[PDB]
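So the structure is just underneath, and the comments pick up after that.
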Amino acid sequence: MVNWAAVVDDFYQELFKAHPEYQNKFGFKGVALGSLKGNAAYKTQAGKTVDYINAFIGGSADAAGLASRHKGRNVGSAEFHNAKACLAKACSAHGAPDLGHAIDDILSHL
Ligand code: HEM
């Protein structure tokens, strides 16, 4: 099993390093990046992100649903294009398969 939890941790490190303002939309707003792994809100959110990646690989991802929910947080195409870059770095850092197609599916509904 690819260590998707580790990939997602690296993903959020890249994401909030590049776009620290994105963190303000989450229950772990203002938490130092080096302490995220000890934050209960983050632990829940990272778990869901892992779940989505496993659902994509598994054939069950609902990209329309995920898209609609992100629009509900005023998160759109710009942000997801940024996330694509970050996720590609995280995957590559772990010798994991690239997830660009999953992000493209979400982007198709944004
Ligand atoms: C690699 C791209 C991303 C994936 C796979 C992803 C995945 C997810 C998942 C699975 C959820 C939970 C949805 C649910 O419970 O139904 C979520 C929620 C959320 N996402 Fe993302 N996301 C991505 C990018 C982003 C970006 C770039 C932002 C920018 C701020 C963002 C902001 C949020 C926020 C604010 C929530 C709600 C959190 C809460 O309930 O407190 N996401 N995301």
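Values in this text are rule-based calculations from the coordinates and carry no lab data. Every residue, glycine as well, gets a Cβ built from its backbone with ideal geometry; the counts of neighbours run over all protein chains shown.
Side notes on the structure shown:
- Options 78, 88, 102, 96: the member that is of a type in the set (A, V, I, L, M) and surrounded by fewer than 16 Cβ atoms within 10 Å (Cβ to Cβ): 78
- So residue 64, is it more than 15 Å from the chain's Cα centre (by Cα), aliphatic (A, V, I, L, M) and part of a helix (DSSP H, G or I): yes
- Options 52, 22; residue that is near the ligand (Cβ under 9 Å from one of its atoms), buried (at least 18 other Cβ atoms within 10 Å of the Cβ), among the hydroxyl-bearing types (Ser, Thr, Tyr) and assigned to a helix (DSSP H, G or I): 52
- The set of residues in the stretch 74-90 that are among the charged types (D, E, K, R) and near the ligand (Cβ under 9 Å from one of its atoms) comprises 79, 84.
- Any chance residue 60 is surrounded by fewer than 14 Cβ atoms within 10 Å (Cβ to Cβ), more than 9 Å from the ligand (Cβ to nearest atom) and without any contact (Cβ under 8 Å) to a residue 40 or more places away in the chain: yes
To keep it simple, each residue is scored yes or no on (1) more than 9 Å from the ligand (Cβ to nearest atom); (2) part of a helix (DSSP H, G or I); (3) over 13 Å from residue 83 (Cβ atoms).
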site	(1), (2), (3)
6	yes, yes, yes
9	yes, yes, yes
17	yes, yes, no
43	yes, yes, yes
56	no, yes, yes
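- Failed item in (1) near the ligand (Cβ under 9 Å from one of its atoms); (2) in a loop (DSSP other than H, G, I, E, B), with residue 96 passing the rest: (1)
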